[PDB]
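J.: Got an experimental structure here, sequence first:
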Amino acid sequence: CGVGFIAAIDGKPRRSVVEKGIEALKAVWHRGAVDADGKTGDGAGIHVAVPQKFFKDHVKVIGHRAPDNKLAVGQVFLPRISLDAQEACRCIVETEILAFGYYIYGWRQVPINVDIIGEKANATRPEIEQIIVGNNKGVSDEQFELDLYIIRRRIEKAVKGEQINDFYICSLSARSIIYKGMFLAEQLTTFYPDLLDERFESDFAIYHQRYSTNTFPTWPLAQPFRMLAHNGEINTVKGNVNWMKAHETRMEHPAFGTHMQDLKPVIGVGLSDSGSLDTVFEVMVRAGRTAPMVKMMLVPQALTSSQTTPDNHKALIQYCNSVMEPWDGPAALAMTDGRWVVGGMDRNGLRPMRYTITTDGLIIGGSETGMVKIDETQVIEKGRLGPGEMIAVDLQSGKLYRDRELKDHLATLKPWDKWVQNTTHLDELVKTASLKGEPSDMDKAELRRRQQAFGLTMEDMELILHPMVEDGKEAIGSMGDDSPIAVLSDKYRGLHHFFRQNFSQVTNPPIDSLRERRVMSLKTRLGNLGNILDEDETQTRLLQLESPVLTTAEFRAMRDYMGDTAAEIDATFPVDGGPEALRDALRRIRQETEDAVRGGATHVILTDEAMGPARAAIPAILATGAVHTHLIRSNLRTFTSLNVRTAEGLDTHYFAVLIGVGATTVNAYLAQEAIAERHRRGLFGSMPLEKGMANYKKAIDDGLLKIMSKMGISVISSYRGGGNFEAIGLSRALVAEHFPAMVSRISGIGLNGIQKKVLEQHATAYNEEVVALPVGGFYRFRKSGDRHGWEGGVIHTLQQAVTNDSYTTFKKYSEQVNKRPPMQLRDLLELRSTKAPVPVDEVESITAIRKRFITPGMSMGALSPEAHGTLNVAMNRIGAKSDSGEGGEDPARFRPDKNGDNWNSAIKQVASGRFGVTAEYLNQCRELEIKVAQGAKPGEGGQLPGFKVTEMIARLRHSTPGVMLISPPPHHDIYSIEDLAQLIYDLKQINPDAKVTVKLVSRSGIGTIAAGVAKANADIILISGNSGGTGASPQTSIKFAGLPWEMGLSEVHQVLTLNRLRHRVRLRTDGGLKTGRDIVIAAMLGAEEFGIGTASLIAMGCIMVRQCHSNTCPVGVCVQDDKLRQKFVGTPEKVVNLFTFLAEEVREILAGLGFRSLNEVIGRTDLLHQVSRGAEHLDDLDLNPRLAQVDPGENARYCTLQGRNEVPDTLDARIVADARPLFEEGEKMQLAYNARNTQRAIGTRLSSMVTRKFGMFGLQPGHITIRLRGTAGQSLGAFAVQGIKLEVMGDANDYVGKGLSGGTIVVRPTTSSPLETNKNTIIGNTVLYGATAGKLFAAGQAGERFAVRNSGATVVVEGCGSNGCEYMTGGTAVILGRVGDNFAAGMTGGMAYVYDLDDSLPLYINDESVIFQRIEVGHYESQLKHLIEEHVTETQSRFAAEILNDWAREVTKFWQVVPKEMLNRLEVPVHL
Amino acid sequence: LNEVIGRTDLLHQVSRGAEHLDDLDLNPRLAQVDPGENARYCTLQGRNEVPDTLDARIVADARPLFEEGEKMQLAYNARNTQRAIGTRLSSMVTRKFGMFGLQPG
Amino acid sequence: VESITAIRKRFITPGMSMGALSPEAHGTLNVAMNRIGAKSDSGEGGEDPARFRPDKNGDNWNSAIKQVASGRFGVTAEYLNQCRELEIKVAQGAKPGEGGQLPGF
Ligand SMILES: Cc1cc2nc3c(=O)[nH]c(=O)nc-3n(C[C@H](O)[C@H](O)[C@H](O)COP(=O)(O)O)c2cc1C
Ligand SMILES: Cc1cc2nc3c(=O)[nH]c(=O)nc-3n(C[C@H](O)[C@H](O)[C@H](O)COP(=O)(O)O)c2cc1C
Ligand SMILES: CS(=O)(=O)CC[C@H](N)C(=O)O
Ligand SMILES: O=C(O)CCC(=O)C(=O)O
Ligand code: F3S
């Protein structure tokens, strides 16, 4: 994959611009899935100017006369198999161009060579044809495209009405034309020779290859699109899409004249995310806005409220943000309206984008940098884009604008501020009334009874509400979610329970809402929905909150300011009502809001307030959706704000759902109440009820910001109404009828059930007195109502069983377990088969089976050292495997002990904060598990409370003692699937023997990703259930993120099968598997391996008391405390017994089924039948979609060979060859080689080899040194141990020294480059990610997230993008230059100095955990000096040398950045 | 000639004469289906052949007829699935005795 | 074109004896050549066997091609075995008809 762009700064056309454009496209394949087929690829494209010589001649050769104007071309994909349709297609195409009365010189079959296409693709190949049009009407450049635009839509539309498939017009303008198709980019020129003609000349270029979650090639989905080309993904798409359904309700501009209606819907079916973007971007530009304005209105930069930003810009930004809600997601963009050409970034700089400027007056935009030869000699600059920036060219004036200067320009266009000043911030007005006193008007006798209506409890009040009020933070907890899944529940659960928060896995990264809160946002606006098409100050006239969240005080504040303008709808219904009560209720509300809005109303207030003994409340969630949708469905939502008052609301989740299913504003009124009551028994102590709410509110605000970040979304306006949930349990019909689009893969209950349950709980609370809520056993087993998997009896019996070693006791446990009411989906399945039973002896053996079992990754830290190694011993004893876990593994452990026991773990993880990740760690295993996610907390990343960060722990992890370890939610080197792809490459490079796994978490859509993972060379894929365990994690994720494995595991099984990849990868699953049958059923759904954690913990003794986060483990399982660790009685022997039983119980089952082995039953879903009905009312689920087979009946067999999906060599292949002496004799060596952007992970293999023979540190620095001219591609020197040194004279791309491990890497411009070392980029992003040792020197600037997570590498570099030194925990980080926003966020431990010539660092640095001072003590001043010296010595850097020359005056200019938590720890204090 | 069959790339449409621009689209006539390098086929030979019927046994059961001139009675079952029964017999008979050389029956 | 790594490997540093040259010069050469995967030549006069291992720094003083010349200087079962190539020296262009000299001092 890649996007790129090239432009002649002067405006004047040239052939090189195209030849370069090709040139690029020939250097991106190293980033894609190569087929063994040699031909097949996902899509490539080049968007250049229609070449009028070339075309005109053509018209001449047929013997017409060339017009004076520009001649248009339509580039069109016609149906290729039904001639009947091609015609219809061409009549339509002609008719439409005809009624604008332009002129047709006529069709031209494009030459192409289909030999380089694969069949898959030739299959879906359309018939590519050009049609040539002339501007007989003598209109203007601008009018021609305008008209053509209305024409293309007209066609587009008619073909649709005709119901014609496969028709598609890539381009149709007289300025630009697009040559895209499904073929390898390196072969664009081959599939389309026109491109090789010298008449193809152009002032600009835009190329783009693409990847996918598929095996299927659609042609129209290859880019570049008509104005756009996008690298990344736009996670905020459904959000955007539904907004346009309303934005459109009002869009009207005069340029389209009477055409608008043909103009809508601007977004047709079947578009890829980027495709939809181009769609919007286009209309906007067709109506007048420049390119750069549009990048902004749609992919605006973050308005951090800071000095970093001039005030013009801020105005503008604020303007946009008020018109259009962003289109978020990682995004490198290459854009152009007719005149300008733009390179742009998303608001988080999520994708690479280097660029070079030449003496010849060209700018070449890129994704990597070595992408197209240019002589250093003619380089005038070497830049990049950072979050939010753009760079551009105005081709009419042949002027280049860098970000500042370009943004300057746009600020210039209008009185942004004067206009912005037109908004009413009703904030202060609202805060005022709060301080004036958050009221409360119910008597406990009430609170209690309503509360009972929504089935609330003490656990609810104590466990969850309280901490919010107190700490202003939400409840953290531990252990998995073992309760039933709500539909199956026995006990009133509220709608919000069935909506699961979505989150993101490999497609895009989730953000850090702590360390990166400045880019996020919760602004809310009522009435800012008018004409995205307009550009007038009247667009700022709207009210603005700063949180959709309102305390009963603030709420009324607002509701008053509104007034005649608001309308209140009664979200409630009679109980005397009848079977259809709630239905008609839902109609009613729907209608009433209609009338209101029509009637003139501008704000709606939906509410349960009139709930009483005679009226049940309509589930706020359902009521909000029913309303918002119908509002959209009638083009009305654009006229109001929709505000909800809810008695049932209480936690963060409930807000999130409400908001994103419509809600503008929410007020949890009966909870502020419940807060008060608590407060008048002084449960909060001294603290005023007002400060009370304040906190509550922050907890819910950060609440949301988080839930959002789980699918990288930075901003509530795009999130709102986007329906980002997945419904488990409610009926298809329903979810469709009333909420935005969401999946509900098995219908579930419907209104009639909902009604019945709502009312039942109701009687509970108005049928008689209520002094206390029940206790509740949702977050914990009480011997009360809610059941759980793990309950006391069950735990005892199991313990009894593995301790006394009786299989009979085991069997009694599992029976205890299997005889209950259904609690989980698998519980609803029976296993029946058609074979007679077989004798048990005959089945496969335990030895055999237990080997398919593994003990999941549970970190050293989360668990006691004793527990951890216990597990490693058990697994190795039975020839199985265990998983180190998120947090290091002690290397002493790399040998078997006198007793023969083996503490080393067989599968090592690799997770966001790269904990103990070392060349030697990565090499002490058979398998690497890339942890993208756990079912306990999908969107997010580990926690390890500070008081667990023992010293041993801290030593392991290179973290700082007793300081907390919260991990970055996303991996920093996996922002998109190609990214995954490359990590897997490095992984397979540093360790030639291991298989690589990807931990993913079930959720709908996993299937597809699963595929991409497969194309990315992963060997195993593991789908984790929503219910798995965690040692520490917020409770909403434990109860609301994730989906059951029975759904995700089949989806992966299916989809992978459906694309013929299912044999390329092995499948594993975990999530609550405690029993023989749980394991058989998982096999039949497709699994080959099963993970067993918690139950293995319980055998080691866990009693499931849930204080894993607390460091108070009654039993030594999950606690670092010494005394407490002495109460541990786990034993290998115990765990081994657990597995032994499990397998035997598996064999017992297979025999009954007639199979003599597990393999004979994988995928065999025909052996499972869904029985269970388990409720009073006819409310059933559809378990089909899970049981279905893709290619039922006999399967063909693809031979799979034993081993791992192998990978292509790199430079290391030769380097190693050339190093015989090294390994053979010990010699020292110096090698030289060139290097291209296309060579990845250079050295890594070397390193693996060296680490293996001499170990990370048995070689003295520089022992083997390899100079490289040119460009290093991603992962340069990744995991290099000491002894290796790489000099890259030239430059590099992302991830230099990723996981650096005591090796050394240096990078400087070519002796001959005339560039000013420090005023130019030289290495990409996420450099030194997670390093632990070694040095890195860089004559130049580095890009975003430099030194992220560095845990002990020393570096020197002349500058650095934003988010630098983030989450750093060790090492020294010098920095000869300016530094990006948010520097040092979360930087708990190492040190960075920072030459700052403008005393600006103050404006950029992230205070929170760090401080800066000028050097005072002189050993710190000396430390710096020596590095800088080294730097120079290695890099021959002038600018550096000079700082050395004036040390005296200069030292004065730096700034010591030192972590708070390091102040008292530091041998030599930092101060005098 | 072979080197050029189907090669429409060798024909361009100039259609000119004296009138108003009212032109035809001769493209649909000229387009290639799978343009660009062709596979090479060897000379396919003979005729699309077809399945035997009962006649392939009657003839076998009839050696004496064709070899010695004998007169024969053959018995067989027949199904709606067997077509043109007798026609190949006829061909053989016609060729060796002509349509009228053998006495009826 | 082919790479330097590749090409430089076709280069070698001739045999110049320990004696004719300083010990420092001699081993310098052996180190250079082994560093770039090429070959050096011991020369007419022995090679010290200590030199038969790479040193703490990774440098390798041992020479890859050992000579064998008239006065068999250091010619030993172990010398002959510490290499990839044996060079029978029948003659040098400086003095074809003749054979080395090493002044007594
Ligand atoms: C205490 C504990 C620690 C865990 N630590 C990690 C970890 O370090 N890395 C990880 O990728 N998943 C971790 N997990 C999840 C497990 O690896 C596995 O996905 C899940 O534990 C199994 O769920 P089950 O508990 O119902 O047996 C942890 C889970 C628990 C309960
Ligand atoms: C100082 C010196 C020492 C030499 N010693 C030997 C030697 O020991 N054995 C040998 O076979 N040739 C010897 N030669 C010759 C070289 O091995 C090689 O044949 C010739 O040096 C290369 O000539 P060129 O000097 O113009 O580079 C010696 C030459 C020189 C200059
Ligand atoms: C190379 S790419 O993975 O960024 C593809 C971009 C986009 N989401 C698409 O589906 O086309
Ligand atoms: O130990 C750690 O860093 C993480 C452990 C963890 O996140 C979990 O077990 O839920
Ligand atoms: S608190 Fe974790 S619950 Fe198990 S580990 Fe101790 S009993």
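T.: Ah, there it is. Numbers count the residues shown, from 1 in each chain, chains lettered A, B, ... in the order given. Ligands and ions are numbered 1, 2, ... in the order given.
J.: Residue A:75 and residue A:133 touch, don't they?
T.: No. Counting by C-beta atoms under 8 Å, residue A:75 does not reach residue A:133; the two are 11.9 Å apart. (C-beta placed from N, C-alpha, C; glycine too.)
J.: Those two: who's more crowded?
T.: residue A:133 (25 against 21; other C-beta atoms under 10 Å in any protein chain shown).
J.: what packs against the strand or helix carrying that one?
T.: Using DSSP states H and E, residue A:133 maps to strand A:127-134. Contacts defined by 3 or more C-beta pairs under 8 Å, 6 or more residues apart in numbering or on different chains; DSSP states H and E place strand A:127-134 against helix A:52-61, strand A:71-78, helix A:83-99, strand A:103-109.
J.: one more time with 7 Å
T.: Strand A:127-134 sits against strand A:71-78, helix A:83-99, strand A:103-109, with contacts defined as 3 or more C-beta pairs under 7 Å, 6 or more residues apart in numbering or on different chains; DSSP states H and E.
J.: which helices and strands sit right next to the following helix or strand past it?
T.: Later in the chain than strand A:127-134, the nearest helix or strand by DSSP H and E is helix A:141-162. Helices and strands touching helix A:141-162, by 3+ C-beta pairs under 7 Å, 6+ apart, are helix A:83-99, strand A:168-173, helix A:260-263.
J.: ok and helix A:141-162 relative to strand A:127-134, angle-wise?
T.: On the basis of axes from the mean of the first three to the mean of the last three C-alpha atoms, to 10 degrees, helix A:141-162 is oriented at 140 degrees to strand A:127-134.
J.: Count the residues that sit near the residue of chain A found nearest ligand 1.
T.: Relative to ligand 1, the nearest point of chain A is residue A:1029 (2.5 Å; C-beta to the nearest ligand atom). Here the number of neighbours of residue A:1029 (other C-beta under 10 Å) works out to 28.
J.: Disregarding flanking residues, what is the spatial nearest neighbour of it?
T.: Nearest residue to residue A:1029, sequence neighbours excluded (C-beta to C-beta, 6 or more residues apart in numbering or on different chains): residue A:480, at 4.0 Å.
J.: Would you mind naming what in chain A lies close to ligand 1?
T.: Contact residues, chain A versus ligand 1 (C-beta under 6 Å from any ligand atom): A:480, A:856-859, A:862, A:885-887, A:909, A:931, A:934, A:999, A:1024, A:1028-1031, A:1070-1072, A:1091-1095, A:1108, A:1118.
J.: can you narrow those to ones near ligand 5?
T.: Contacts with ligand 5 within these, as defined by C-beta under 6 Å from any ligand atom: A:1108, A:1118.
J.: From the residues of chain A next to ligand 1, which land in strands?
T.: Using DSSP state E, the members of the residues of chain A next to ligand 1 that fall within strands are A:856, A:857, A:909, A:931, A:999, A:1024, A:1070, A:1091.
J.: Let me have those in CSV, adding distance to ligand 3 and neighbour count as columns.
T.: Shown next, in CSV, are those (distance: C-beta to the nearest ligand atom, whole Å; neighbours: other C-beta atoms under 10 Å in any protein chain shown):
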residue, distance to ligand 3, neighbour count
A:856, 30, 26
A:857, 29, 24
A:909, 26, 28
A:931, 22, 23
A:999, 22, 26
A:1024, 24, 29
A:1070, 29, 28
A:1091, 30, 24
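J.: looking at the helices and strands packed on strand A:127-134, which is closest to residue A:239?
T.: Taking C-beta to C-beta, strand A:71-78 is the member of the helices and strands packed on strand A:127-134 nearest to residue A:239, at 29.8 Å.
J.: what about that closest one and chain B, touching?
T.: No. Under the criterion of C-beta under 7 Å from any C-beta of the partner chain, chain B is not reached by strand A:71-78; the shortest gap measures 10.2 Å.
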